[PDB]
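Just so you know, we're using the authors' numbering here: the sequence shown kicks off at 83 and counts up by one.
All C-beta atoms, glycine included, are put in the ideal place defined by N, C-alpha and C.
Here is the structure we will look at.
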Amino acid sequence: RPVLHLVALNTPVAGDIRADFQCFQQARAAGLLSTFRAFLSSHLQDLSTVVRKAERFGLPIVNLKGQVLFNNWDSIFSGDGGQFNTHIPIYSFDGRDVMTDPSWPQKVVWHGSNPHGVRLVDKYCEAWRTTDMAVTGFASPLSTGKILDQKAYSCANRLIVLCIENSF
């Protein structure tokens, strides 16, 4: 019974990240053999295109424990900001709830995308290669109940990065 898992990196990270590599390594460290890609927009890569076309409509997006977050991939980019249920835990590869655990002082997620999951070249920490304070990236405060809220955060801030199973 088909679903795609959305899991957080084990530590908050600043704007200089080797995202896809971190998702792959931590996924494998947790014993997961599926293909995880970063839930981010980057150089010539829109966030909405990360998941394969074949899995964008009928597979619910669940957390590590199987609890449903979104009914499918496509619905996240309708324009509402990817409204999800804040009463559901968002687990990291090692099993900690990003929402409650004090290890993540800022409950905000990096994304560098507009409400349609399209890349914002001037809002994604230079394609995630800088921690400079004067540079910003778009991130979403999980308190708003949205995964794609449009808020500016300095690239120096250590925030949450999610990984998504790109195919089934």
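Residues of its chain near residue i, where Cβ-Cβ distance is below 6 angstroms and the 5 sequence neighbours each way are ignored
i	result
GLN188	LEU241
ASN153	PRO142
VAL85	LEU141, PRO142 and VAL144
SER116	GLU247
Sequence-distant residues of the same chain with beta carbon closer than 7 angstroms to residue i, five excluded per side
i	result
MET181	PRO171, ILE172, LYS189 and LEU224
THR212	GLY97, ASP98 and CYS237
Residue j beta carbon less than 8 angstroms from that of residue i
i	j	result
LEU244	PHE220	no
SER124	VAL200	no
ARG83	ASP102	no
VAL89	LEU146	yes
C-alpha distance - residue i paired with residue j, whole-angstrom precision
i	j	result
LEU230	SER249	21 angstroms
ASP183	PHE139	32 angstroms
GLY164	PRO142	14 angstroms
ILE246	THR226	21 angstroms
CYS105	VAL95	12 angstroms
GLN149	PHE166	12 angstroms
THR168	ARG178	15 angstroms
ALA112	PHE175	6 angstroms
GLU137	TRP155	8 angstroms
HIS87	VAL133	11 angstroms
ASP162	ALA234	18 angstroms
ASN239	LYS135	33 angstroms
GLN232	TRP210	17 angstroms
DSSP state of residue i mapped onto helix, strand, coil
i	result
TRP192	strand
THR218	strand
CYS237	coil
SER185	coil
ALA90	strand
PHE118	strand
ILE158	helix
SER123	coil
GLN232	coil
Cβ shell of residue i (< 8 angstroms), same chain only, five flanking positions each side left out
i	result
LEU91	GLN104, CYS105, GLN108, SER174, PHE175, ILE242, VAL243, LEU244 and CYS245
Between the stretch 190-210 and the stretch 121-134, do at least 3 Cβ pairs fall closer than 8 angstroms? yes
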